[PDB]
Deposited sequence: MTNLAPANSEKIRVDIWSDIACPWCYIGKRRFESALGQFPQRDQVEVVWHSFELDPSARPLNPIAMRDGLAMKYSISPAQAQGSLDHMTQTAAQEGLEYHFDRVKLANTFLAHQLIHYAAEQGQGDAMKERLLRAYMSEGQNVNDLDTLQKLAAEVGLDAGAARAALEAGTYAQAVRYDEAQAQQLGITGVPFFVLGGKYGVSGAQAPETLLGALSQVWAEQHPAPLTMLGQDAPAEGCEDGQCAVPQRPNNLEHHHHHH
């Protein structure tokens, strides 16, 4: 088996792009059926307001200390880059929301085996559909759309059941020195930082598989100690 651990935030447009590029890599990888993907929570800003009412362009200009004109250029760059992955972003509608609860929903979804579908739904909701992913009504609806028990999912969020697990995900990311997303860990050994090309993630997948299935030695030929 091949384990891939990915840290990601719903609020990061490169994460959605990265998910597509990784999916492109996976499709080209002969041993794709032996890959287990595990999504991990990451928050760009764990202390963000529940909902910041300012335009994404402005939040970006403030956070990164540049002009509104440059912040827009960056938005325009990300939008066109995403389009090449089949993603139609709508940054003008983005709700700058705290993503803690949304990550919790992903953890709930994963216990039902629907982690990736939930992650996908939420990325779309944030990046394209102008939805507020800190809002419980919205989160419950999205869960229903994924095919989850909407009542159970909402109950889980109100209880904060997966709150601890999200914090541990983030703690683990911090302990690994992961300070930006998306971040890929392959074979619990190799790291790939950022939304890298499919070729790069395929080469990582390929390199890891090779290490786990190296070419069989030719044996030649008074004892040994063997582990039982």
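Quickly check which stretches of the deposited sequence aren't in the model, judged by C-alpha, and list them in order. In the chain as deposited, 1-10, 232-240, 248-260 carry no coordinates.
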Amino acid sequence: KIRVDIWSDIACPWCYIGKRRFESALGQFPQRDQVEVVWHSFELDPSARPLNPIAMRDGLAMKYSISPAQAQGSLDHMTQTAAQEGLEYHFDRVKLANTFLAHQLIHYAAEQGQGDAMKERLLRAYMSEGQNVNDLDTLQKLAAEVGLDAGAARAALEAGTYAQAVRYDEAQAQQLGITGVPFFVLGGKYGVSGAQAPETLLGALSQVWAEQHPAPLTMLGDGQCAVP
From here on, numbers count along this sequence of modelled residues.
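Basically, rigid core = biggest C-alpha set you can superpose within 1.5 Å across the two forms.
Of the stretches 21-29 and 209-217, which sits farther from where it is here in 5 other deposited structures of this protein, on average over its Cα atoms, after fitting the core? After superposing on the rigid core, the more displaced stretch in 5 other deposited structures of this protein is 209-217.
Please work out whether 62-70 or 192-200 has the higher root mean square C-alpha deviation in 5 other deposited structures of this protein relative to the shown form, with the rigid core as fitting region? Larger mean C-alpha displacement, comparing 62-70 and 192-200 in 5 other deposited structures of this protein, is found in 62-70.
Going by the B-factors listed in the PDB entry, is the mean over the C-alpha atoms higher for 212-220 or for 13-21? Taking the mean C-alpha B-factor of 212-220 and of 13-21, the larger value falls to 212-220.
Mind pulling up the entry and telling me whether 137-145 or 121-129 has the higher mean Cα temperature factor? Averaging CA B-factors over each stretch, the winner is 137-145.
Going by the deposited entry, which of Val181, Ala171, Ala55, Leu26 has the highest CA temperature factor? Reading the PDB entry, the winner on C-alpha B-factor is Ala171.
Ranked by Cα temperature factor within the chain, is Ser41 in the lowest third, the middle third or the highest third? Answer is lowest: the recorded C-alpha B-factor places it there.
Could you look up the Cα B-factor of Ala155 in the entry and say which third of the chain it sits in: lowest, middle or highest? Answer is highest: the recorded C-alpha B-factor places it there.
How does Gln112 rank on Cα B-factor within its chain, lowest, middle or highest third? Highest third.
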